[PDB]
Every structure is written in C-alpha cells, then in structure tokens.
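Peer 1: coordinates only, no sequence provided:
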C-alpha cells in the first residue's frame, strides 16, 4: 500500500471474453455558405 516489489498474485489474470472494438461512425451533419442568395 501507499508506496510494487512483491507480487500478491501468482499468475496474471486475463479477461475471459475478448473485447471486440468497433470503428467510428462519424458523419457529415450539414453544409453552410455565409454569403448566399439562398
């Protein structure tokens, strides 16, 4: 505690289920023009 020489676990505990990451789904909201007739 406080201030890791001694290991409390014998082996390192790995997560059973592999985490499946998903790519970003970014999209274009809108397009505006400042000087415009319409």
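Peer 2: Okay, I see it. Numbers count the residues shown, from 1 in each chain.
Peer 1: what is the burial count for residue 30?
Peer 2: 4 (other Cβ atoms under 10 Å). Every C-beta, even on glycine, is put in place using the N, C-alpha and C of the backbone.
Peer 1: secondary structure element for it?
Peer 2: Remark: residue 30 resides in no helix or strand, with elements defined by DSSP states H and E.
Peer 1: same thing with the one 4 residues further on?
Peer 2: For residue 34, there is no host helix or strand (DSSP H and E).
Peer 1: for the remainder of this discussion, apply numbering that starts at 12.
Peer 2: That works, and once the first residue is 12, the last one we named lands at residue 45.
Peer 1: number of nearby residues for it?
Peer 2: Residue 45 has 4 nearby residues by other Cβ under 10 Å.
Peer 1: same question, residue 42
Peer 2: Residue 42 has 5 neighbours, counted by other Cβ under 10 Å.
Peer 1: then residue 32?
Peer 2: For residue 32, the count of nearby residues is 5 (other Cβ under 10 Å).
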